[PDB]
Each structure stands twice: as structure tokens, then as C-alpha cells.
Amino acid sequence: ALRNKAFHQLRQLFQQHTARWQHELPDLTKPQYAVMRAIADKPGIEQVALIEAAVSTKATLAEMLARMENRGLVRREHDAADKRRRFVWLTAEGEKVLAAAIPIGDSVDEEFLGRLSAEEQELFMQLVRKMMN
């Protein structure tokens, strides 16, 4: 049975959280939200540096930022030397969207993390880290 595979059950949890995220924030996906968190944490960050926050490829991040910039969420400036390298900022409207979404995303995470104690949450984090490093 697929219920006995750890990574199948992982996709069940990931899609349950994504479905709840899409219901509460239909206009801000998790990769879009995480990218905005990184821009607000480091204004003027290099566009390529947002790959880690996006957990995506260069093309997916380029398409994501182009749509975000078209929706008035982010603004970008090019390098005078290499006009392909870009620096990303949050627009004033983008900071309002991000500020309103942070408690919504936290409560969506709390719907699942709340079923775990503090020790179980930190232990879930350590298990996921060991599987990647």
C-alpha cells in the first residue's frame, strides 16, 4: 500500500497544506510568499539569490517575478554592466500584501504543526534536515 511509503505520505501532507494555503490565500502561493519574505529580509537582493527561497529553477523564478512585478508586488533594477542580472525590491503595495499574509500563512502552518508538541516539531525539523544534508 502507498500509505506505507514515507515520501508518498509526505506528498499527502504537502498537498493538504498547499490546499489549505490556496483556500486562505488564493492569490499568493507558497513559492511567491517565501520569495517575498526573502525580498523584505534583504531589499535589493540579487534575482538569482531568490532561487533558494523559491525552491525552483531560474525559469520558474523568472516567470514568477515577472508576474509578481506585473501585479505591482515587486520592482526590479538591472545591473549597468550585465542588464540580465537584476535586483529585486518590494513595492509599497507588496509590503501591504506580505504583512497581511504572514499571520494567515502562520495559522495555516499551525493547523498542522499544532497537532505536534514543541519537541515533536523541532524533531520533525531535524529529521527533514538530516534527509537533505
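Just so we're on the same page, rigid core means the largest C-alpha set that superposes within 1.5 Å between forms. Residue indices: 1-based, along the sequence shown.
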Kindly name the stretch, out of 92 to 100 and 52 to 60, whose CA atoms are displaced more from this form in 5 other deposited structures of this protein after the core superposition? 52 to 60
Per the PDB entry, mean CA B-factor is higher for 25 to 33 or 73 to 81, namely for 73 to 81
Would you determine, from the values in the PDB entry, which of 14 to 22 and 113 to 121 has the greater average C-alpha temperature factor? 113 to 121
In terms of CA temperature factor as recorded, identify the highest of 108, 98, 45, 54. 45
How does the C-alpha B factor of residue 127 compare with the rest of the chain: lowest, middle or highest third? middle
Quick check for you: using the entry's CA B-factors within this chain, is residue 102 in the lowest, middle or highest third? lowest
